[PDB]
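**Q** Sharing model_7.csv (CSV, N, CA and C atoms and all ligand atoms) below.
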chain,number,residue,atom,x,y,z
A,43,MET,N,3.7,20.5,-6.1
A,43,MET,CA,3.0,19.7,-7.1
A,43,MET,C,2.4,18.4,-6.7
A,44,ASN,N,2.8,17.8,-5.5
A,44,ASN,CA,2.2,16.6,-5.0
A,44,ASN,C,0.8,16.9,-4.4
A,45,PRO,N,-0.1,16.0,-4.4
A,45,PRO,CA,-1.4,16.2,-3.7
A,45,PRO,C,-1.1,15.9,-2.2
A,46,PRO,N,-2.0,16.3,-1.3
A,46,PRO,CA,-1.9,15.8,0.1
A,46,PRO,C,-2.0,14.3,0.1
A,47,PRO,N,-1.5,13.7,1.2
A,47,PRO,CA,-1.5,12.2,1.3
A,47,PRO,C,-2.9,11.7,1.5
A,48,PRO,N,-3.1,10.4,1.3
A,48,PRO,CA,-4.5,9.9,1.6
A,48,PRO,C,-4.8,10.1,3.1
A,49,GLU,N,-6.0,10.2,3.4
A,49,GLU,CA,-6.5,10.3,4.8
A,49,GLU,C,-6.1,9.0,5.5
A,50,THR,N,-5.7,9.1,6.8
A,50,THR,CA,-5.4,8.0,7.6
A,50,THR,C,-6.1,7.9,8.9
A,51,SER,N,-6.7,9.0,9.3
A,51,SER,CA,-7.5,9.0,10.6
A,51,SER,C,-8.9,8.9,10.3
A,52,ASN,N,-9.6,8.3,11.3
A,52,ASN,CA,-11.0,8.1,11.2
A,52,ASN,C,-11.7,8.8,12.3
A,53,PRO,N,-12.1,10.1,12.2
A,53,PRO,CA,-12.7,10.8,13.3
A,53,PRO,C,-14.2,10.6,13.4
A,54,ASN,N,-14.9,10.2,12.4
A,54,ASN,CA,-16.4,10.2,12.4
A,54,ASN,C,-17.1,8.9,12.3
A,55,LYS,N,-16.3,7.8,12.0
A,55,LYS,CA,-16.9,6.5,11.8
A,55,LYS,C,-16.5,5.5,12.9
A,56,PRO,N,-17.3,4.4,13.1
A,56,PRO,CA,-17.0,3.5,14.2
A,56,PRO,C,-15.8,2.6,13.9
A,57,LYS,N,-15.3,2.0,15.0
A,57,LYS,CA,-14.1,1.3,14.9
A,57,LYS,C,-14.3,-0.1,15.5
A,58,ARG,N,-13.6,-1.1,15.0
A,58,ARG,CA,-13.7,-2.4,15.5
A,58,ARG,C,-12.4,-3.2,15.3
A,59,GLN,N,-12.1,-4.1,16.2
A,59,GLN,CA,-10.9,-5.0,16.0
A,59,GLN,C,-11.5,-6.4,15.6
A,60,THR,N,-11.0,-6.9,14.5
A,60,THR,CA,-11.4,-8.2,14.0
A,60,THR,C,-10.2,-9.1,13.8
A,61,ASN,N,-10.3,-10.4,13.8
A,61,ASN,CA,-9.2,-11.3,13.5
A,61,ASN,C,-8.6,-11.1,12.2
A,62,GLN,N,-9.4,-10.8,11.2
A,62,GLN,CA,-8.9,-10.5,9.8
A,62,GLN,C,-8.1,-9.2,9.8
A,63,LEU,N,-8.5,-8.1,10.5
A,63,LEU,CA,-7.8,-6.9,10.6
A,63,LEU,C,-6.5,-7.1,11.4
A,64,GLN,N,-6.5,-7.9,12.4
A,64,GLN,CA,-5.3,-8.2,13.2
A,64,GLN,C,-4.3,-8.9,12.2
A,65,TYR,N,-4.7,-9.9,11.4
A,65,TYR,CA,-3.8,-10.6,10.5
A,65,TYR,C,-3.3,-9.6,9.5
A,66,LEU,N,-4.1,-8.7,9.0
A,66,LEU,CA,-3.6,-7.7,8.0
A,66,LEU,C,-2.5,-6.9,8.5
A,67,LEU,N,-2.5,-6.5,9.8
A,67,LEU,CA,-1.5,-5.6,10.3
A,67,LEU,C,-0.3,-6.5,10.8
A,68,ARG,N,-0.5,-7.5,11.6
A,68,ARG,CA,0.5,-8.3,12.2
A,68,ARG,C,1.3,-9.2,11.2
A,69,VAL,N,0.6,-9.7,10.2
A,69,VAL,CA,1.2,-10.6,9.3
A,69,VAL,C,1.4,-10.0,7.9
A,70,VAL,N,0.4,-9.5,7.3
A,70,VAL,CA,0.5,-9.0,5.9
A,70,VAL,C,1.4,-7.8,5.8
A,71,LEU,N,0.9,-6.7,6.5
A,71,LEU,CA,1.6,-5.4,6.4
A,71,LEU,C,3.1,-5.6,7.0
A,72,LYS,N,3.2,-6.3,8.2
A,72,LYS,CA,4.5,-6.4,8.8
A,72,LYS,C,5.5,-7.2,7.9
A,73,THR,N,5.0,-8.2,7.2
A,73,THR,CA,5.9,-9.0,6.3
A,73,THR,C,6.4,-8.2,5.1
A,74,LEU,N,5.4,-7.4,4.5
A,74,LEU,CA,5.9,-6.6,3.3
A,74,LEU,C,6.7,-5.4,3.8
A,75,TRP,N,6.4,-4.8,5.0
A,75,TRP,CA,7.1,-3.7,5.5
A,75,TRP,C,8.6,-3.9,5.7
A,76,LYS,N,8.9,-5.1,6.2
A,76,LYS,CA,10.3,-5.5,6.5
A,76,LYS,C,11.1,-6.0,5.3
A,77,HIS,N,10.4,-6.2,4.2
A,77,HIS,CA,11.0,-6.8,3.0
A,77,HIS,C,12.1,-5.8,2.4
A,78,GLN,N,13.2,-6.3,1.8
A,78,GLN,CA,14.2,-5.4,1.3
A,78,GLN,C,13.7,-4.4,0.2
A,79,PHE,N,12.6,-4.7,-0.5
A,79,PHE,CA,12.0,-3.9,-1.5
A,79,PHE,C,11.0,-2.9,-1.0
A,80,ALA,N,10.8,-2.8,0.3
A,80,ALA,CA,9.7,-2.0,0.8
A,80,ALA,C,9.8,-0.5,0.7
A,81,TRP,N,11.0,0.1,0.8
A,81,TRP,CA,11.2,1.5,0.9
A,81,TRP,C,10.4,2.3,-0.1
A,82,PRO,N,10.5,2.1,-1.4
A,82,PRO,CA,9.8,2.9,-2.4
A,82,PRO,C,8.3,2.9,-2.1
A,83,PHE,N,7.7,1.9,-1.4
A,83,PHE,CA,6.3,1.8,-1.1
A,83,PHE,C,5.9,2.2,0.3
A,84,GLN,N,6.8,2.7,1.1
A,84,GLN,CA,6.5,3.0,2.5
A,84,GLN,C,5.9,4.4,2.7
A,85,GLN,N,5.8,5.2,1.7
A,85,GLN,CA,5.2,6.5,1.8
A,85,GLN,C,4.7,6.9,0.4
A,86,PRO,N,3.8,7.9,0.4
A,86,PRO,CA,3.2,8.3,-0.9
A,86,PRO,C,4.3,8.7,-1.9
A,87,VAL,N,4.1,8.4,-3.2
A,87,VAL,CA,5.0,8.7,-4.3
A,87,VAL,C,5.2,10.3,-4.3
A,88,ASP,N,6.5,10.7,-4.1
A,88,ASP,CA,6.8,12.1,-4.2
A,88,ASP,C,7.3,12.3,-5.7
A,89,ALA,N,6.3,12.7,-6.6
A,89,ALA,CA,6.6,12.8,-8.0
A,89,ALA,C,7.6,13.9,-8.3
A,90,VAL,N,7.7,14.9,-7.4
A,90,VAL,CA,8.6,16.0,-7.6
A,90,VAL,C,10.0,15.5,-7.3
A,91,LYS,N,10.3,15.0,-6.1
A,91,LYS,CA,11.6,14.5,-5.8
A,91,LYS,C,12.1,13.4,-6.7
A,92,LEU,N,11.2,12.5,-7.2
A,92,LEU,CA,11.5,11.4,-8.0
A,92,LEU,C,11.6,11.7,-9.5
A,93,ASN,N,11.1,12.9,-9.9
A,93,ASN,CA,11.1,13.4,-11.3
A,93,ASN,C,10.3,12.5,-12.2
A,94,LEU,N,9.0,12.2,-11.7
A,94,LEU,CA,8.1,11.3,-12.4
A,94,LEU,C,7.1,12.1,-13.1
A,95,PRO,N,7.3,12.3,-14.4
A,95,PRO,CA,6.4,13.2,-15.2
A,95,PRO,C,5.0,12.6,-15.2
A,96,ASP,N,4.1,13.5,-15.0
A,96,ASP,CA,2.7,13.3,-15.1
A,96,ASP,C,2.2,12.2,-14.2
A,97,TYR,N,2.9,11.9,-13.1
A,97,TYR,CA,2.5,10.8,-12.2
A,97,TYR,C,1.0,11.0,-11.7
A,98,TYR,N,0.7,12.2,-11.2
A,98,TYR,CA,-0.6,12.5,-10.7
A,98,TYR,C,-1.6,12.9,-11.7
A,99,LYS,N,-1.2,12.9,-13.0
A,99,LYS,CA,-2.1,13.0,-14.1
A,99,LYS,C,-2.6,11.6,-14.5
A,100,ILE,N,-1.8,10.6,-14.3
A,100,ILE,CA,-2.0,9.2,-14.7
A,100,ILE,C,-2.7,8.4,-13.5
A,101,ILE,N,-2.1,8.7,-12.3
A,101,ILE,CA,-2.6,8.0,-11.1
A,101,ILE,C,-3.5,8.9,-10.2
A,102,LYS,N,-4.7,8.7,-10.3
A,102,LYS,CA,-5.7,9.5,-9.5
A,102,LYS,C,-6.2,8.8,-8.2
A,103,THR,N,-5.8,7.6,-8.0
A,103,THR,CA,-6.1,6.9,-6.7
A,103,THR,C,-4.7,6.4,-6.1
A,104,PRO,N,-3.8,7.3,-5.7
A,104,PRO,CA,-2.6,6.9,-5.1
A,104,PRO,C,-2.8,6.1,-3.9
A,105,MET,N,-1.9,5.1,-3.6
A,105,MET,CA,-1.9,4.4,-2.4
A,105,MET,C,-0.5,3.9,-2.1
A,106,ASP,N,-0.2,3.6,-0.8
A,106,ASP,CA,1.2,3.2,-0.4
A,106,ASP,C,1.1,2.5,0.9
A,107,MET,N,2.1,1.8,1.3
A,107,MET,CA,2.1,1.0,2.6
A,107,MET,C,2.2,1.9,3.8
A,108,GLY,N,2.8,3.1,3.7
A,108,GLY,CA,2.8,4.0,4.8
A,108,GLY,C,1.4,4.3,5.2
A,109,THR,N,0.5,4.7,4.2
A,109,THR,CA,-0.9,4.9,4.4
A,109,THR,C,-1.6,3.7,4.9
A,110,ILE,N,-1.4,2.5,4.3
A,110,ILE,CA,-2.1,1.3,4.8
A,110,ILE,C,-1.7,1.0,6.3
A,111,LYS,N,-0.4,1.1,6.6
A,111,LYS,CA,0.0,0.9,8.0
A,111,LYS,C,-0.7,1.8,9.0
A,112,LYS,N,-0.7,3.1,8.6
A,112,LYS,CA,-1.4,4.1,9.5
A,112,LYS,C,-2.9,3.8,9.6
A,113,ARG,N,-3.5,3.5,8.4
A,113,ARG,CA,-4.9,3.1,8.4
A,113,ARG,C,-5.2,2.0,9.4
A,114,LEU,N,-4.4,0.9,9.3
A,114,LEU,CA,-4.6,-0.2,10.3
A,114,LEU,C,-4.4,0.2,11.7
A,115,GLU,N,-3.3,1.0,11.9
A,115,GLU,CA,-3.0,1.4,13.3
A,115,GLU,C,-4.1,2.3,13.9
A,116,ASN,N,-4.8,3.1,13.0
A,116,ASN,CA,-5.8,4.1,13.4
A,116,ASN,C,-7.2,3.5,13.3
A,117,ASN,N,-7.4,2.2,12.9
A,117,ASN,CA,-8.7,1.6,12.8
A,117,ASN,C,-9.5,2.4,11.8
A,118,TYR,N,-8.9,2.8,10.7
A,118,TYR,CA,-9.6,3.4,9.6
A,118,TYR,C,-10.5,2.4,8.8
A,119,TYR,N,-10.1,1.1,8.9
A,119,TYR,CA,-10.9,0.1,8.1
A,119,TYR,C,-11.8,-0.6,9.0
A,120,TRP,N,-13.1,-0.7,8.5
A,120,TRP,CA,-14.1,-1.5,9.2
A,120,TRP,C,-14.1,-2.9,8.6
A,121,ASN,N,-13.9,-3.0,7.3
A,121,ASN,CA,-13.9,-4.3,6.6
A,121,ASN,C,-12.5,-4.6,6.1
A,122,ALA,N,-12.1,-5.9,6.2
A,122,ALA,CA,-10.8,-6.3,5.7
A,122,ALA,C,-10.7,-6.1,4.2
A,123,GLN,N,-11.8,-6.2,3.5
A,123,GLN,CA,-11.7,-5.9,2.1
A,123,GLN,C,-11.3,-4.5,1.7
A,124,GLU,N,-11.5,-3.5,2.6
A,124,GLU,CA,-11.1,-2.1,2.3
A,124,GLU,C,-9.5,-2.1,2.3
A,125,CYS,N,-8.9,-2.8,3.2
A,125,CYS,CA,-7.4,-2.9,3.3
A,125,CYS,C,-6.9,-3.7,2.1
A,126,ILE,N,-7.5,-4.8,1.8
A,126,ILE,CA,-7.0,-5.6,0.6
A,126,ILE,C,-7.1,-4.8,-0.6
A,127,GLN,N,-8.2,-4.0,-0.8
A,127,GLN,CA,-8.3,-3.1,-2.0
A,127,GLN,C,-7.2,-2.1,-2.0
A,128,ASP,N,-6.8,-1.6,-0.9
A,128,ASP,CA,-5.7,-0.6,-0.9
A,128,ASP,C,-4.4,-1.2,-1.3
A,129,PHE,N,-4.1,-2.5,-0.9
A,129,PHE,CA,-2.9,-3.1,-1.4
A,129,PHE,C,-3.0,-3.3,-2.9
A,130,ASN,N,-4.1,-3.8,-3.3
A,130,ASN,CA,-4.3,-4.0,-4.8
A,130,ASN,C,-4.1,-2.7,-5.6
A,131,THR,N,-4.6,-1.6,-5.1
A,131,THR,CA,-4.5,-0.3,-5.7
A,131,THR,C,-3.0,0.1,-5.8
A,132,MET,N,-2.3,-0.1,-4.7
A,132,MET,CA,-0.9,0.3,-4.7
A,132,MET,C,-0.1,-0.5,-5.8
A,133,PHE,N,-0.3,-1.8,-5.9
A,133,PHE,CA,0.4,-2.6,-6.9
A,133,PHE,C,-0.1,-2.2,-8.3
A,134,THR,N,-1.4,-2.0,-8.5
A,134,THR,CA,-1.9,-1.7,-9.8
A,134,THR,C,-1.4,-0.3,-10.3
A,135,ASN,N,-1.3,0.6,-9.4
A,135,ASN,CA,-0.8,1.9,-9.8
A,135,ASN,C,0.6,1.8,-10.4
A,136,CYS,N,1.4,1.0,-9.7
A,136,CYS,CA,2.8,0.8,-10.2
A,136,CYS,C,2.8,0.2,-11.6
A,137,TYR,N,2.0,-0.8,-11.8
A,137,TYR,CA,1.9,-1.4,-13.1
A,137,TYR,C,1.4,-0.5,-14.2
A,138,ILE,N,0.5,0.4,-13.9
A,138,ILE,CA,0.0,1.4,-14.8
A,138,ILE,C,1.0,2.4,-15.2
A,139,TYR,N,1.7,2.9,-14.2
A,139,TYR,CA,2.6,4.0,-14.5
A,139,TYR,C,3.9,3.6,-15.2
A,140,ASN,N,4.4,2.4,-14.8
A,140,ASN,CA,5.7,1.9,-15.2
A,140,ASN,C,5.6,0.9,-16.3
A,141,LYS,N,6.7,0.3,-16.8
A,141,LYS,CA,6.8,-0.6,-17.9
A,141,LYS,C,7.3,-2.0,-17.4
A,142,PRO,N,6.9,-3.0,-18.1
A,142,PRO,CA,7.5,-4.3,-17.8
A,142,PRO,C,9.0,-4.3,-17.9
A,143,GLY,N,9.6,-4.9,-16.8
A,143,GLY,CA,11.1,-4.9,-16.7
A,143,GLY,C,11.7,-3.8,-16.0
A,144,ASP,N,10.9,-2.7,-15.7
A,144,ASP,CA,11.5,-1.6,-14.8
A,144,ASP,C,11.7,-2.2,-13.5
A,145,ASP,N,12.8,-1.7,-12.8
A,145,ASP,CA,13.2,-2.2,-11.5
A,145,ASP,C,12.0,-2.1,-10.5
A,146,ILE,N,11.3,-0.9,-10.6
A,146,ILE,CA,10.1,-0.8,-9.6
A,146,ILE,C,9.0,-1.8,-9.8
A,147,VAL,N,8.8,-2.2,-11.1
A,147,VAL,CA,7.8,-3.2,-11.4
A,147,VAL,C,8.2,-4.6,-10.9
A,148,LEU,N,9.5,-5.0,-11.1
A,148,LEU,CA,10.0,-6.2,-10.6
A,148,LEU,C,9.9,-6.3,-9.0
A,149,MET,N,10.1,-5.1,-8.4
A,149,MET,CA,10.0,-5.0,-6.9
A,149,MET,C,8.6,-5.2,-6.5
A,150,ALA,N,7.6,-4.5,-7.2
A,150,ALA,CA,6.2,-4.6,-6.9
A,150,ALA,C,5.7,-6.0,-7.1
A,151,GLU,N,6.2,-6.7,-8.2
A,151,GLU,CA,5.7,-8.1,-8.4
A,151,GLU,C,6.2,-9.0,-7.3
A,152,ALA,N,7.4,-8.8,-6.8
A,152,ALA,CA,7.9,-9.7,-5.7
A,152,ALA,C,7.1,-9.4,-4.4
A,153,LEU,N,6.8,-8.2,-4.1
A,153,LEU,CA,5.9,-7.8,-3.0
A,153,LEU,C,4.5,-8.4,-3.1
A,154,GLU,N,4.0,-8.3,-4.3
A,154,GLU,CA,2.6,-8.8,-4.6
A,154,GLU,C,2.6,-10.3,-4.4
A,155,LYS,N,3.6,-11.0,-4.9
A,155,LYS,CA,3.6,-12.5,-4.7
A,155,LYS,C,3.6,-12.8,-3.2
A,156,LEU,N,4.3,-12.1,-2.4
A,156,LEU,CA,4.4,-12.3,-1.0
A,156,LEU,C,3.0,-11.9,-0.3
A,157,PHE,N,2.4,-10.8,-0.8
A,157,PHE,CA,1.1,-10.4,-0.3
A,157,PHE,C,0.1,-11.6,-0.6
A,158,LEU,N,0.1,-12.2,-1.8
A,158,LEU,CA,-0.8,-13.2,-2.1
A,158,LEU,C,-0.6,-14.5,-1.3
A,159,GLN,N,0.7,-14.8,-1.0
A,159,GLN,CA,1.0,-15.9,-0.2
A,159,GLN,C,0.4,-15.7,1.2
A,160,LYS,N,0.6,-14.5,1.8
A,160,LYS,CA,0.0,-14.2,3.1
A,160,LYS,C,-1.5,-14.1,3.1
A,161,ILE,N,-2.1,-13.5,2.0
A,161,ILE,CA,-3.5,-13.4,2.0
A,161,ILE,C,-4.2,-14.7,1.9
A,162,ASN,N,-3.5,-15.7,1.3
A,162,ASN,CA,-4.1,-17.1,1.2
A,162,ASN,C,-4.4,-17.6,2.7
A,163,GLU,N,-3.6,-17.1,3.7
A,163,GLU,CA,-3.9,-17.6,5.0
A,163,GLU,C,-4.7,-16.6,5.9
A,164,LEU,N,-5.4,-15.7,5.3
A,164,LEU,CA,-6.3,-14.8,6.0
A,164,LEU,C,-7.3,-15.6,6.8
A,165,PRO,N,-7.6,-15.4,8.1
A,165,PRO,CA,-8.5,-16.2,8.8
A,165,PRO,C,-10.0,-15.7,8.6
A,166,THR,N,-10.8,-16.3,9.5
A,166,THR,CA,-12.3,-16.1,9.7
A,166,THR,C,-12.4,-15.6,11.2
B,201,LIG,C1,5.8,3.2,-5.9
B,201,LIG,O1,5.8,3.6,-7.2
B,201,LIG,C2,7.0,4.1,-7.7
B,201,LIG,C3,8.1,4.4,-7.0
B,201,LIG,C4,9.3,4.9,-7.5
B,201,LIG,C5,10.4,5.0,-6.4
B,201,LIG,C6,11.7,4.5,-6.6
B,201,LIG,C7,12.7,4.6,-5.7
B,201,LIG,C8,12.3,5.2,-4.5
B,201,LIG,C9,11.0,5.7,-4.2
B,201,LIG,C10,10.0,5.6,-5.2
B,201,LIG,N1,11.0,6.1,-2.9
B,201,LIG,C11,12.2,6.0,-2.4
B,201,LIG,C12,12.6,6.3,-1.0
B,201,LIG,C13,12.1,7.7,-0.6
B,201,LIG,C14,12.8,8.7,-1.4
B,201,LIG,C15,12.2,9.4,-2.4
B,201,LIG,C16,12.9,10.3,-3.2
B,201,LIG,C17,14.2,10.6,-2.9
B,201,LIG,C18,14.9,9.9,-1.9
B,201,LIG,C19,14.2,9.0,-1.1
B,201,LIG,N2,13.1,5.4,-3.3
B,201,LIG,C20,14.5,5.0,-3.2
B,201,LIG,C21,15.4,6.2,-3.6
B,201,LIG,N3,16.7,5.7,-4.0
B,201,LIG,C22,17.6,5.3,-2.9
B,201,LIG,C23,18.2,6.5,-2.2
B,201,LIG,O2,18.9,7.3,-3.1
B,201,LIG,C24,18.1,7.8,-4.1
B,201,LIG,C25,17.4,6.6,-4.9
B,201,LIG,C26,9.7,5.2,-8.7
B,201,LIG,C27,8.9,5.2,-9.9
B,201,LIG,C28,7.7,4.9,-10.1
B,201,LIG,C29,6.7,4.4,-9.2
B,201,LIG,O3,5.5,4.1,-9.6
Rewrite the structure of this file - the entire thing - as structure tokens.
Ligand SMILES: COc1cc(-c2ccc3c(c2)nc(CCc2ccccc2)n3CCN2CCOCC2)cccc1=O

**A**
Amino acid sequence: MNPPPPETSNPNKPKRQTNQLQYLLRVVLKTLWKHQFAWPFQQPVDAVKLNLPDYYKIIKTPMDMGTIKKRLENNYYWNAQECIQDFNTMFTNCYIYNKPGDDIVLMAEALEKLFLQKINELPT
């Protein structure tokens, strides 16, 4: 019942290393990945194992940090904005599916505050 995970390899498009992409992997992803609340966000939502009714009927653009980490490690992103959009999608999905006060929402909000603190120091 789960869909295949988001693509993470980039076989047909060009690749580049930029200072912003370096910061996104070394600082932003690394800081959130090591956070105590990271585990639920480290791989695609398994709606079957988690018993999440209608998850993939409600969430049509799933995203997670395991995918973002692999995308950065595989040079899937050409522009830093593509990666920032993926983090935003991951948080937004959680807020859409869940309710205020749910444990997962409080965890996502703490991770998003940390994301915003780090994104404030994104370079040029
Ligand atoms: C990201 O969005 C959501 C996430 C989750 C979610 C909550 C807890 C989660 C998780 C996802 N993924 C994991 C870790 C991976 C996992 C998944 C399946 C069973 C076991 C581990 N865990 C920890 C499980 N815990 C610890 C080990 O004892 C079992 C209980 C729930 C709801 C809505 C969402 O929108």

**Q** Between A:125, A:67, A:80, A:136, single out the one closest to ligand LIG 201 (chain B), counting all atoms listed in the file.

**A**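 Among the listed residues, the smallest separation from ligand LIG 201 (chain B) belongs to A:136.
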
**Q** Need to verify the contact set: stretch 69-77 of chain A, 6 Å, all atoms listed in the file, exclusion of same-chain residues closer than 4 positions in sequence. Can you return it as a ChimeraX atom specification?

**A** /A:64-65,160

**Q** Could you save those same residues with N, CA and C atoms as a PDB file, keeping the file's coordinate frame?

**A**
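Contents of the output file out18.pdb:
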ATOM      1  N   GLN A  64      -6.500  -7.900  12.400  1.00  0.00           N
ATOM      2  CA  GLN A  64      -5.300  -8.200  13.200  1.00  0.00           C
ATOM      3  C   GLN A  64      -4.300  -8.900  12.200  1.00  0.00           C
ATOM      4  N   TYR A  65      -4.700  -9.900  11.400  1.00  0.00           N
ATOM      5  CA  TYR A  65      -3.800 -10.600  10.500  1.00  0.00           C
ATOM      6  C   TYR A  65      -3.300  -9.600   9.500  1.00  0.00           C
ATOM      7  N   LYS A 160       0.600 -14.500   1.800  1.00  0.00           N
ATOM      8  CA  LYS A 160       0.000 -14.200   3.100  1.00  0.00           C
ATOM      9  C   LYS A 160      -1.500 -14.100   3.100  1.00  0.00           C
TER      10      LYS A 160
END

**Q** Enumerate the residues of chain A with a DSSP assignment of helix (DSSP H, G or I), computed from the backbone, and present them as a PyMOL selection string.

**A** chain A and resi 61-75+81-83+97-100+107-115+122-139+145-161

**Q** Can you tell me which residues sit at most 9 Å away from ligand LIG 201 (chain B), counting only C-alpha atoms and all ligand atoms, written as JSON, numbers by chain?

**A** {"A": [80, 81, 82, 83, 84, 85, 86, 87, 88, 89, 90, 91, 92, 93, 94, 97, 105, 106, 132, 133, 135, 136, 137, 138, 139, 140, 144, 145, 146, 147, 150]}

**Q** Could you check how far atom CA of residue A:165 sits from atom CA of residue A:61, in Å to one decimal?

**A**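 Taking atom CA of residue A:165 as the start and atom CA of residue A:61 as the end point, the length is 6.8 Å.
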
**Q** Tell me which of A:98, A:129, A:68, A:63 sits closest to residue A:46, counting only C-alpha atoms.

**A**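 For residue A:46, the nearest of the candidates is A:98.
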
**Q** Calculated over all atoms listed in the file, which of the candidates A:164, A:44, A:116, A:149 has the smallest distance to residue A:57?

**A**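 For residue A:57, the nearest of the given residues is A:116.
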
**Q** One decimal, in Å: what's the spacing between atom C of residue A:58 and atom C of residue A:163?

**A**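 Taking atom C of residue A:58 as the start and atom C of residue A:163 as the end point, the length is 18.1 Å.
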
**Q** How far is it from atom CA of residue A:120 to atom CA of residue A:60, in Å with one decimal?

**A**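 A separation of 8.7 Å between them.
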
**Q** Can you work out which one of A:62, A:54, A:131, A:159 has the shortest atom-to-atom distance to residue A:104, counting all atoms listed in the file?

**A**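 Result for the nearest residue to residue A:104: A:131.
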
**Q** Residues within 9 Å of residue A:126, please, as number ranges by chain. Count only C-alpha atoms; anything in the same chain fewer than 4 positions from it doesn't count.

**A** A: 66, 122, 130-131, 161

**Q** Could you please fill out stretch 52-66 of chain A with N, CA, C and O atoms and send it back as a short mmCIF file (atom, residue, chain, number, x, y, z; two decimals), in the frame of the given file?

**A**
data_model
loop_
_atom_site.label_atom_id
_atom_site.label_comp_id
_atom_site.auth_asym_id
_atom_site.auth_seq_id
_atom_site.Cartn_x
_atom_site.Cartn_y
_atom_site.Cartn_z
N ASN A 52 -9.60 8.30 11.30
CA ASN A 52 -11.00 8.10 11.20
C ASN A 52 -11.70 8.80 12.30
O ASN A 52 -11.97 8.18 13.38
N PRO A 53 -12.10 10.10 12.20
CA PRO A 53 -12.70 10.80 13.30
C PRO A 53 -14.20 10.60 13.40
O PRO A 53 -14.72 10.98 14.50
N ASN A 54 -14.90 10.20 12.40
CA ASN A 54 -16.40 10.20 12.40
C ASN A 54 -17.10 8.90 12.30
O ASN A 54 -18.26 8.82 12.55
N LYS A 55 -16.30 7.80 12.00
CA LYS A 55 -16.90 6.50 11.80
C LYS A 55 -16.50 5.50 12.90
O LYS A 55 -15.51 5.65 13.61
N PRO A 56 -17.30 4.40 13.10
CA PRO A 56 -17.00 3.50 14.20
C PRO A 56 -15.80 2.60 13.90
O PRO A 56 -15.30 2.60 12.77
N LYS A 57 -15.30 2.00 15.00
CA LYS A 57 -14.10 1.30 14.90
C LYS A 57 -14.30 -0.10 15.50
O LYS A 57 -15.03 -0.25 16.46
N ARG A 58 -13.60 -1.10 15.00
CA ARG A 58 -13.70 -2.40 15.50
C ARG A 58 -12.40 -3.20 15.30
O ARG A 58 -11.67 -2.91 14.32
N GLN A 59 -12.10 -4.10 16.20
CA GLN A 59 -10.90 -5.00 16.00
C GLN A 59 -11.50 -6.40 15.60
O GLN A 59 -12.59 -6.79 16.15
N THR A 60 -11.00 -6.90 14.50
CA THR A 60 -11.40 -8.20 14.00
C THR A 60 -10.20 -9.10 13.80
O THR A 60 -9.04 -8.56 13.68
N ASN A 61 -10.30 -10.40 13.80
CA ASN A 61 -9.20 -11.30 13.50
C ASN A 61 -8.60 -11.10 12.20
O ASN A 61 -7.39 -11.17 12.03
N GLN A 62 -9.40 -10.80 11.20
CA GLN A 62 -8.90 -10.50 9.80
C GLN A 62 -8.10 -9.20 9.80
O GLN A 62 -7.00 -9.12 9.26
N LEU A 63 -8.50 -8.10 10.50
CA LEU A 63 -7.80 -6.90 10.60
C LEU A 63 -6.50 -7.10 11.40
O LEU A 63 -5.44 -6.48 10.98
N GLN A 64 -6.50 -7.90 12.40
CA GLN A 64 -5.30 -8.20 13.20
C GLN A 64 -4.30 -8.90 12.20
O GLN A 64 -3.08 -8.51 12.18
N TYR A 65 -4.70 -9.90 11.40
CA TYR A 65 -3.80 -10.60 10.50
C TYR A 65 -3.30 -9.60 9.50
O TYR A 65 -2.06 -9.65 9.17
N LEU A 66 -4.10 -8.70 9.00
CA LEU A 66 -3.60 -7.70 8.00
C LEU A 66 -2.50 -6.90 8.50
O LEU A 66 -1.61 -6.56 7.75
#
